[PDB]
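Here is query-v2.pdb, consisting of PDB, C-alpha atoms:
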ATOM      1  CA  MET A   1     -34.112  -0.503   3.002  1.00  0.00           C
ATOM      2  CA  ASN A   2     -33.706   2.905   4.606  1.00  0.00           C
ATOM      3  CA  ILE A   3     -30.167   4.079   3.789  1.00  0.00           C
ATOM      4  CA  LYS A   4     -29.676   5.981   7.055  1.00  0.00           C
ATOM      5  CA  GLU A   5     -30.861   3.020   9.154  1.00  0.00           C
ATOM      6  CA  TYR A   6     -28.624   0.569   7.294  1.00  0.00           C
ATOM      7  CA  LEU A   7     -25.516   2.810   7.218  1.00  0.00           C
ATOM      8  CA  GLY A   8     -25.810   4.847  10.402  1.00  0.00           C
ATOM      9  CA  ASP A   9     -23.019   7.398  10.336  1.00  0.00           C
ATOM     10  CA  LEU A  10     -20.305   4.989   9.286  1.00  0.00           C
ATOM     11  CA  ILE A  11     -19.421   7.321   6.400  1.00  0.00           C
ATOM     12  CA  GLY A  12     -18.465   9.955   8.942  1.00  0.00           C
ATOM     13  CA  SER A  13     -17.086   8.098  11.950  1.00  0.00           C
ATOM     14  CA  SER A  14     -15.777   4.876  13.476  1.00  0.00           C
ATOM     15  CA  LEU A  15     -16.009   3.794  17.131  1.00  0.00           C
ATOM     16  CA  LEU A  16     -15.462   7.445  18.237  1.00  0.00           C
ATOM     17  CA  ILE A  17     -13.607   6.085  21.259  1.00  0.00           C
ATOM     18  CA  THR A  18     -12.550   9.530  22.492  1.00  0.00           C
ATOM     19  CA  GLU A  19     -15.598  11.705  21.822  1.00  0.00           C
ATOM     20  CA  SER A  20     -18.030   9.066  23.163  1.00  0.00           C
ATOM     21  CA  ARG A  21     -16.895   9.455  26.806  1.00  0.00           C
ATOM     22  CA  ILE A  22     -17.399  13.238  26.650  1.00  0.00           C
ATOM     23  CA  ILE A  23     -20.857  12.781  25.154  1.00  0.00           C
ATOM     24  CA  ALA A  24     -21.681  10.090  27.727  1.00  0.00           C
ATOM     25  CA  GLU A  25     -20.856  12.256  30.760  1.00  0.00           C
ATOM     26  CA  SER A  26     -22.813  15.134  29.220  1.00  0.00           C
ATOM     27  CA  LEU A  27     -25.928  13.034  28.645  1.00  0.00           C
ATOM     28  CA  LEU A  28     -26.125  11.848  32.255  1.00  0.00           C
ATOM     29  CA  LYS A  29     -26.112  15.452  33.498  1.00  0.00           C
ATOM     30  CA  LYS A  30     -29.665  15.978  32.145  1.00  0.00           C
ATOM     31  CA  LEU A  31     -28.846  19.439  30.896  1.00  0.00           C
ATOM     32  CA  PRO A  32     -31.227  21.885  29.255  1.00  0.00           C
ATOM     33  CA  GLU A  33     -30.474  21.942  25.562  1.00  0.00           C
ATOM     34  CA  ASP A  34     -29.432  25.575  25.952  1.00  0.00           C
ATOM     35  CA  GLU A  35     -26.596  24.435  28.098  1.00  0.00           C
ATOM     36  CA  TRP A  36     -26.007  21.235  26.126  1.00  0.00           C
ATOM     37  CA  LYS A  37     -25.747  23.154  22.846  1.00  0.00           C
ATOM     38  CA  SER A  38     -23.297  25.784  24.162  1.00  0.00           C
ATOM     39  CA  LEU A  39     -21.141  22.941  25.476  1.00  0.00           C
ATOM     40  CA  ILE A  40     -20.902  21.592  21.905  1.00  0.00           C
ATOM     41  CA  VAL A  41     -20.764  24.628  19.577  1.00  0.00           C
ATOM     42  CA  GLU A  42     -19.698  27.619  21.684  1.00  0.00           C
ATOM     43  CA  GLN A  43     -17.485  25.851  24.211  1.00  0.00           C
ATOM     44  CA  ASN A  44     -16.626  23.210  21.526  1.00  0.00           C
ATOM     45  CA  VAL A  45     -15.690  20.324  23.845  1.00  0.00           C
ATOM     46  CA  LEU A  46     -15.314  17.919  20.861  1.00  0.00           C
ATOM     47  CA  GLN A  47     -12.360  19.932  19.383  1.00  0.00           C
ATOM     48  CA  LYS A  48     -14.059  20.163  16.003  1.00  0.00           C
ATOM     49  CA  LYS A  49     -13.346  22.504  13.120  1.00  0.00           C
ATOM     50  CA  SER A  50     -16.860  23.944  12.652  1.00  0.00           C
ATOM     51  CA  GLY A  51     -20.070  24.487  14.571  1.00  0.00           C
ATOM     52  CA  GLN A  52     -21.874  21.946  12.402  1.00  0.00           C
ATOM     53  CA  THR A  53     -19.207  19.218  12.535  1.00  0.00           C
ATOM     54  CA  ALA A  54     -19.284  19.641  16.321  1.00  0.00           C
ATOM     55  CA  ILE A  55     -23.015  18.873  16.098  1.00  0.00           C
ATOM     56  CA  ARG A  56     -22.554  16.096  13.508  1.00  0.00           C
ATOM     57  CA  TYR A  57     -20.378  14.073  15.887  1.00  0.00           C
ATOM     58  CA  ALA A  58     -22.614  14.844  18.877  1.00  0.00           C
ATOM     59  CA  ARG A  59     -25.718  13.745  16.925  1.00  0.00           C
ATOM     60  CA  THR A  60     -24.031  10.460  16.092  1.00  0.00           C
ATOM     61  CA  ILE A  61     -22.969   9.430  19.586  1.00  0.00           C
ATOM     62  CA  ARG A  62     -26.415  10.462  20.803  1.00  0.00           C
ATOM     63  CA  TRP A  63     -28.290   8.284  18.323  1.00  0.00           C
ATOM     64  CA  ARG A  64     -25.892   5.457  19.155  1.00  0.00           C
ATOM     65  CA  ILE A  65     -25.896   5.658  22.938  1.00  0.00           C
ATOM     66  CA  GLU A  66     -28.830   7.640  24.330  1.00  0.00           C
ATOM     67  CA  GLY A  67     -31.633   5.312  23.189  1.00  0.00           C
ATOM     68  CA  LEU A  68     -29.970   2.405  24.942  1.00  0.00           C
ATOM     69  CA  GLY A  69     -30.176   2.410  28.719  1.00  0.00           C
ATOM     70  CA  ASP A  70     -29.670   5.508  30.769  1.00  0.00           C
ATOM     71  CA  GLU A  71     -28.172   2.722  32.871  1.00  0.00           C
ATOM     72  CA  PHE A  72     -26.169   1.627  29.824  1.00  0.00           C
ATOM     73  CA  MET A  73     -24.281   4.915  29.719  1.00  0.00           C
ATOM     74  CA  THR A  74     -23.376   4.429  33.377  1.00  0.00           C
ATOM     75  CA  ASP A  75     -21.725   1.056  32.819  1.00  0.00           C
ATOM     76  CA  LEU A  76     -20.187   2.419  29.628  1.00  0.00           C
ATOM     77  CA  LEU A  77     -18.383   5.155  31.563  1.00  0.00           C
ATOM     78  CA  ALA A  78     -17.664   2.722  34.413  1.00  0.00           C
ATOM     79  CA  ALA A  79     -16.175  -0.028  32.275  1.00  0.00           C
ATOM     80  CA  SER A  80     -12.683  -1.303  31.701  1.00  0.00           C
ATOM     81  CA  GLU A  81     -10.982  -0.202  28.481  1.00  0.00           C
ATOM     82  CA  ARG A  82     -11.842  -3.198  26.403  1.00  0.00           C
ATOM     83  CA  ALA A  83     -15.359  -3.473  27.846  1.00  0.00           C
ATOM     84  CA  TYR A  84     -15.619   0.201  26.897  1.00  0.00           C
ATOM     85  CA  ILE A  85     -14.463  -0.692  23.361  1.00  0.00           C
ATOM     86  CA  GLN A  86     -16.674  -3.798  23.195  1.00  0.00           C
ATOM     87  CA  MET A  87     -19.726  -1.808  24.326  1.00  0.00           C
ATOM     88  CA  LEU A  88     -18.909   0.825  21.692  1.00  0.00           C
ATOM     89  CA  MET A  89     -18.517  -1.931  19.104  1.00  0.00           C
ATOM     90  CA  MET A  90     -21.845  -3.417  20.239  1.00  0.00           C
ATOM     91  CA  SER A  91     -23.584  -0.071  19.798  1.00  0.00           C
ATOM     92  CA  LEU A  92     -21.847   0.412  16.441  1.00  0.00           C
ATOM     93  CA  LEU A  93     -23.225  -2.929  15.234  1.00  0.00           C
ATOM     94  CA  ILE A  94     -26.727  -1.935  16.366  1.00  0.00           C
ATOM     95  CA  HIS A  95     -26.560   1.530  14.803  1.00  0.00           C
ATOM     96  CA  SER A  96     -24.687   0.577  11.590  1.00  0.00           C
ATOM     97  CA  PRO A  97     -25.884  -2.956  10.730  1.00  0.00           C
ATOM     98  CA  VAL A  98     -23.643  -2.923   7.593  1.00  0.00           C
ATOM     99  CA  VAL A  99     -20.762  -3.611   9.938  1.00  0.00           C
ATOM    100  CA  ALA A 100     -22.600  -6.647  11.330  1.00  0.00           C
ATOM    101  CA  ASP A 101     -23.366  -7.834   7.795  1.00  0.00           C
ATOM    102  CA  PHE A 102     -19.749  -7.287   6.771  1.00  0.00           C
ATOM    103  CA  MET A 103     -18.581  -9.390   9.704  1.00  0.00           C
ATOM    104  CA  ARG A 104     -20.979 -12.237   8.765  1.00  0.00           C
ATOM    105  CA  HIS A 105     -20.292 -12.102   5.033  1.00  0.00           C
ATOM    106  CA  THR A 106     -16.511 -11.553   5.190  1.00  0.00           C
ATOM    107  CA  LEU A 107     -14.783 -12.209   8.549  1.00  0.00           C
ATOM    108  CA  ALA A 108     -16.742 -15.361   9.398  1.00  0.00           C
ATOM    109  CA  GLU A 109     -16.360 -16.694   5.864  1.00  0.00           C
ATOM    110  CA  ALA A 110     -12.660 -15.969   6.158  1.00  0.00           C
ATOM    111  CA  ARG A 111     -12.289 -17.793   9.470  1.00  0.00           C
ATOM    112  CA  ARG A 112     -14.487 -20.735   8.375  1.00  0.00           C
ATOM    113  CA  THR A 113     -12.406 -21.092   5.201  1.00  0.00           C
ATOM    114  CA  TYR A 114      -9.050 -20.858   7.056  1.00  0.00           C
ATOM    115  CA  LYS A 115      -7.885 -17.611   5.391  1.00  0.00           C
ATOM    116  CA  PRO A 116      -5.466 -15.925   7.854  1.00  0.00           C
ATOM    117  CA  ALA A 117      -6.325 -12.422   6.611  1.00  0.00           C
ATOM    118  CA  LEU A 118      -8.752 -10.263   4.667  1.00  0.00           C
ATOM    119  CA  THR A 119      -7.810  -8.762   1.300  1.00  0.00           C
ATOM    120  CA  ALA A 120      -7.632  -5.071   0.549  1.00  0.00           C
ATOM    121  CA  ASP A 121     -10.813  -5.174  -1.523  1.00  0.00           C
ATOM    122  CA  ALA A 122     -12.787  -7.266   0.985  1.00  0.00           C
ATOM    123  CA  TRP A 123     -14.963  -4.268   1.864  1.00  0.00           C
ATOM    124  CA  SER A 124     -15.687  -3.283  -1.747  1.00  0.00           C
ATOM    125  CA  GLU A 125     -16.561  -6.851  -2.724  1.00  0.00           C
ATOM    126  CA  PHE A 126     -18.940  -6.891   0.228  1.00  0.00           C
ATOM    127  CA  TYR A 127     -20.390  -3.480  -0.553  1.00  0.00           C
ATOM    128  CA  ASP A 128     -21.099  -4.439  -4.171  1.00  0.00           C
ATOM    129  CA  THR A 129     -23.117  -7.358  -2.795  1.00  0.00           C
ATOM    130  CA  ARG A 130     -25.175  -4.850  -0.873  1.00  0.00           C
ATOM    131  CA  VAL A 131     -25.699  -2.492  -3.829  1.00  0.00           C
ATOM    132  CA  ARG A 132     -26.964  -5.345  -6.012  1.00  0.00           C
ATOM    133  CA  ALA A 133     -29.488  -6.157  -3.314  1.00  0.00           C
ATOM    134  CA  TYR A 134     -30.527  -2.540  -2.591  1.00  0.00           C
ATOM    135  CA  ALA A 135     -29.828  -0.200  -5.502  1.00  0.00           C
ATOM    136  CA  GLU A 136     -30.060   2.989  -3.471  1.00  0.00           C
ATOM    137  CA  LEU A 137     -26.883   1.911  -1.633  1.00  0.00           C
ATOM    138  CA  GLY A 138     -24.842   2.956  -4.680  1.00  0.00           C
ATOM    139  CA  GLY A 139     -25.859   6.593  -4.967  1.00  0.00           C
ATOM    140  CA  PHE A 140     -22.551   7.662  -3.425  1.00  0.00           C
ATOM    141  CA  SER A 141     -19.147   8.717  -4.689  1.00  0.00           C
ATOM    142  CA  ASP A 142     -16.526   5.962  -4.625  1.00  0.00           C
ATOM    143  CA  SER A 143     -14.560   7.890  -1.995  1.00  0.00           C
ATOM    144  CA  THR A 144     -17.595   7.877   0.312  1.00  0.00           C
ATOM    145  CA  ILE A 145     -17.840   4.095   0.118  1.00  0.00           C
ATOM    146  CA  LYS A 146     -14.095   3.800   0.701  1.00  0.00           C
ATOM    147  CA  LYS A 147     -14.228   6.112   3.727  1.00  0.00           C
ATOM    148  CA  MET A 148     -17.163   4.038   4.996  1.00  0.00           C
ATOM    149  CA  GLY A 149     -15.037   0.903   4.696  1.00  0.00           C
ATOM    150  CA  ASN A 150     -12.001   2.441   6.428  1.00  0.00           C
ATOM    151  CA  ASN A 151     -14.287   3.316   9.326  1.00  0.00           C
ATOM    152  CA  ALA A 152     -15.539  -0.288   9.411  1.00  0.00           C
ATOM    153  CA  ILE A 153     -11.989  -1.686   9.308  1.00  0.00           C
ATOM    154  CA  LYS A 154     -10.737   0.665  12.041  1.00  0.00           C
ATOM    155  CA  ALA A 155     -13.601  -0.408  14.308  1.00  0.00           C
ATOM    156  CA  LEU A 156     -12.691  -4.046  13.681  1.00  0.00           C
ATOM    157  CA  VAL A 157      -9.012  -3.221  14.355  1.00  0.00           C
ATOM    158  CA  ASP A 158      -9.842  -1.151  17.441  1.00  0.00           C
ATOM    159  CA  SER A 159     -12.076  -3.844  18.960  1.00  0.00           C
ATOM    160  CA  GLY A 160      -9.590  -6.659  18.320  1.00  0.00           C
ATOM    161  CA  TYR A 161     -10.812  -8.676  15.287  1.00  0.00           C
ATOM    162  CA  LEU A 162      -8.020  -7.479  12.963  1.00  0.00           C
ATOM    163  CA  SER A 163      -4.335  -7.054  13.819  1.00  0.00           C
ATOM    164  CA  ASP A 164      -4.148  -3.753  11.904  1.00  0.00           C
ATOM    165  CA  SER A 165      -5.651  -1.821   9.021  1.00  0.00           C
ATOM    166  CA  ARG A 166      -3.026  -2.784   6.450  1.00  0.00           C
ATOM    167  CA  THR A 167      -2.492  -6.562   6.720  1.00  0.00           C
ATOM    168  CA  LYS A 168      -5.909  -7.261   8.360  1.00  0.00           C
ATOM    169  CA  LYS A 169      -4.895 -10.502  10.055  1.00  0.00           C
ATOM    170  CA  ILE A 170      -7.904 -12.162  11.648  1.00  0.00           C
ATOM    171  CA  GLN A 171      -7.567 -12.613  15.406  1.00  0.00           C
ATOM    172  CA  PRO A 172      -9.867 -14.274  17.968  1.00  0.00           C
ATOM    173  CA  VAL A 173     -11.994 -12.080  20.252  1.00  0.00           C
ATOM    174  CA  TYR A 174     -14.406 -13.184  22.995  1.00  0.00           C
ATOM    175  CA  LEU A 175     -17.422 -11.305  24.336  1.00  0.00           C
ATOM    176  CA  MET A 176     -17.190 -10.312  27.894  1.00  0.00           C
ATOM    177  CA  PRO A 177     -20.208 -11.488  29.910  1.00  0.00           C
ATOM    178  CA  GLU A 178     -21.106  -7.886  30.764  1.00  0.00           C
ATOM    179  CA  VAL A 179     -21.592  -7.104  27.083  1.00  0.00           C
ATOM    180  CA  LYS A 180     -23.352 -10.427  26.459  1.00  0.00           C
ATOM    181  CA  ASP A 181     -25.904  -9.429  29.091  1.00  0.00           C
ATOM    182  CA  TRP A 182     -26.489  -6.064  27.463  1.00  0.00           C
ATOM    183  CA  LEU A 183     -27.236  -7.915  24.200  1.00  0.00           C
ATOM    184  CA  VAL A 184     -29.699 -10.166  26.016  1.00  0.00           C
ATOM    185  CA  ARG A 185     -31.128  -7.092  27.764  1.00  0.00           C
ATOM    186  CA  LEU A 186     -31.435  -5.250  24.446  1.00  0.00           C
ATOM    187  CA  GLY A 187     -32.980  -8.374  22.876  1.00  0.00           C
ATOM    188  CA  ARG A 188     -30.195  -8.595  20.287  1.00  0.00           C
ATOM    189  CA  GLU A 189     -28.671 -12.045  20.949  1.00  0.00           C
ATOM    190  CA  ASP A 190     -28.359 -12.338  17.159  1.00  0.00           C
ATOM    191  CA  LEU A 191     -25.224 -10.244  17.601  1.00  0.00           C
ATOM    192  CA  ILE A 192     -23.508 -12.558  20.102  1.00  0.00           C
ATOM    193  CA  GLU A 193     -22.911 -14.832  17.115  1.00  0.00           C
ATOM    194  CA  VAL A 194     -21.573 -11.815  15.158  1.00  0.00           C
ATOM    195  CA  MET A 195     -19.135 -10.617  17.816  1.00  0.00           C
ATOM    196  CA  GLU A 196     -17.678 -14.128  18.136  1.00  0.00           C
ATOM    197  CA  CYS A 197     -17.564 -14.846  14.400  1.00  0.00           C
ATOM    198  CA  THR A 198     -13.778 -15.003  14.548  1.00  0.00           C
ATOM    199  CA  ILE A 199     -13.207 -17.633  17.295  1.00  0.00           C
TER     200      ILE A 199
END
Step by step, read the file and then write its structure as structure tokens.
Amino acid sequence: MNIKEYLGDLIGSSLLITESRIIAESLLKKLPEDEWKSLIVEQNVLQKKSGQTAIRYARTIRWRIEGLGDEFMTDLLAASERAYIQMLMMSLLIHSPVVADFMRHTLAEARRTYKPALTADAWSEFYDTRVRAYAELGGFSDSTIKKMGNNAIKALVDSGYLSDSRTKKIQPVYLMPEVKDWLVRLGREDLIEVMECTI
């Protein structure tokens, strides 16, 4: 249990639907990291409030997206809107497995048990599960864990599993074949299951 590998940067960000396109285009330009750094801090293309938060967000989309295909980023930028969102959701699940676990432990259980919606403390119930299993998961302020959950919920809202953040009505979502194939390519078919846990 490495905390950073389990959590990713969920505490800080959700799908990052906007900033991820900018960081995608920049990565395919194969820039010197002189030029790539000035684009982020000096030029400040992410619209951030500080030099370090500009880097924080850039770090996160890089760890999420760069290690996948250099061909991945091409289809990412080339995709339809919901394929773009699905592919971002796919890379979120890879980079923050907590979201995958949350979907198995909570959404699937909700759909298999015929509950039409999640409850407001679904995330915290789930997170307590995880702290019992790995005690270092609870070395955070409550607000951190809540922000982490809000980021998880927004991702599930954004990618179509939940009607909205407030009522959290479970809705069906299907994988597009193009994102299936990237899961087979990445050798992560275990997640096909996860991304259809609401059917």
Inset, instruction - Please provide the set of residues having any atom within 10 Å of residue 134 (chain A), restricted to only C-alpha atoms, with same-chain residues fewer than 6 positions apart removed, written as a count of residues only. - result: 4
Legend entry - the PyMOL selection byres ((chain A and resi 192) around 12) applied to the shown file, residues as a ChimeraX atom specification: /A:86,89-90,93-94,100,103-104,173-184,186-191,193-199
So what does the PyMOL selection byres ((chain A and resi 118-124) around 9) actually pick up in this one, as a compact mmCIF listing (two decimals) with C-alpha atoms, keeping the file's coordinate frame?
# COMPACT_ATOMS: atom_id res chain seq x y z
CA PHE A 102 -19.75 -7.29 6.77
CA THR A 106 -16.51 -11.55 5.19
CA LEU A 107 -14.78 -12.21 8.55
CA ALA A 110 -12.66 -15.97 6.16
CA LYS A 115 -7.88 -17.61 5.39
CA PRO A 116 -5.47 -15.92 7.85
CA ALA A 117 -6.32 -12.42 6.61
CA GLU A 125 -16.56 -6.85 -2.72
CA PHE A 126 -18.94 -6.89 0.23
CA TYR A 127 -20.39 -3.48 -0.55
CA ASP A 128 -21.10 -4.44 -4.17
CA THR A 129 -23.12 -7.36 -2.80
CA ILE A 145 -17.84 4.10 0.12
CA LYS A 146 -14.10 3.80 0.70
CA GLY A 149 -15.04 0.90 4.70
CA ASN A 150 -12.00 2.44 6.43
CA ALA A 152 -15.54 -0.29 9.41
CA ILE A 153 -11.99 -1.69 9.31
CA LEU A 162 -8.02 -7.48 12.96
CA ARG A 166 -3.03 -2.78 6.45
CA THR A 167 -2.49 -6.56 6.72
CA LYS A 168 -5.91 -7.26 8.36
CA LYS A 169 -4.89 -10.50 10.06
CA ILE A 170 -7.90 -12.16 11.65
Inset, instruction - Give me the residues within 12 Å of residue 24 (chain A) as JSON, numbers by chain, counting only C-alpha atoms and dropping any in the same chain fewer than 3 places off. - result: {"A": [16, 17, 18, 19, 20, 21, 27, 28, 29, 30, 58, 60, 61, 62, 63, 64, 65, 66, 67, 68, 69, 70, 71, 72, 73, 74, 75, 76, 77, 78, 84, 88]}
Legend entry - CA of residue 5 (chain A) to CA of residue 97 (chain A), straight-line distance in Å: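 The value is 7.9 Å.
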Inset, instruction - Using the chain letters and residue numbers of this document, give as an NGL selection string the residues selected by the PyMOL selection byres ((chain A and resi 51-57) around 9). - result: :A and (12-13 or 16 or 19 or 37 or 40-42 or 44-50 or 58-62)
Legend entry - Nearest to residue 137 (chain A), chosen from A:92, A:87, A:7, A:15, with only C-alpha atoms counted in the distances: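 Result for the nearest residue to residue 137 (chain A): A:7.
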Legend entry - Coordinates-based distance that separates CA of residue 133 (chain A) from CA of residue 156 (chain A) (Å, one decimal):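 One can read the CA of residue 156 (chain A) to CA of residue 133 (chain A) distance as 24.0 Å.
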How big is the axis-aligned box around all listed atoms of region 152-170 of chain A once 3 Å goes on each side, and where's its centre, in Å to one decimal, as JSON?
{"center_x": -9.0, "center_y": -5.7, "center_z": 12.7, "size_x": 19.0, "size_y": 18.8, "size_z": 18.5}
Inset, instruction - Could you please determine the separation between CA of residue 8 (chain A) and CA of residue 79 (chain A) in Å, to one decimal place? - result: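 We find that CA of residue 8 (chain A) and CA of residue 79 (chain A) lie 24.4 Å from each other.
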